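Since the structure comes first, as structure tokens, the remarks are kept for the end.
Every number here is computed from the coordinates shown, using simple stated rules; none is lab data.
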Ligand code: NA
């Protein structure tokens, strides 16, 4: 993803570690991503979070 896309995903993750289905769809539209891309990103980000804390 672009630098900006990643930063915006990180901004949301800091606030909410899990999103609802509707929230992922809204964020996908806002960040120019597919719903599945947002879902996968957050799964992988949670794995990083678990590893690092
Ligand atoms: Na999620």
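Using every pair of distinct Cα positions in the chain, the Kirkwood expression returns a hydrodynamic radius of 11.1 angstrom. In degrees, nearest 10, range 0 to 90: what is the angle between the Cα axis of helix 35-52 and the longest Cα principal axis of the chain? The helix 35-52 is inclined about 10 degrees to the chain.
Between residue 40 and residue 23, full extension at 0.36 nm per residue minus the direct alpha carbon distance yields a gain of 4.7 nm.
On a 0 to 90° scale, report how tilted helix 3-15 is relative to the longest principal axis of the chain, with both axes built from alpha carbons and the result rounded to the nearest 10. The two axes meet at around 60 degrees. Between 15, 32, 24, where does the largest GNM mean-square fluctuation fall for the chain, given springs only between Cα atoms within less than 10 Å? So, out of 15, 32, 24, the one fluctuating most is 15. Compared with the dominant principal axis of the Cα atoms in the chain, helix 21-31 is inclined by about 70°.
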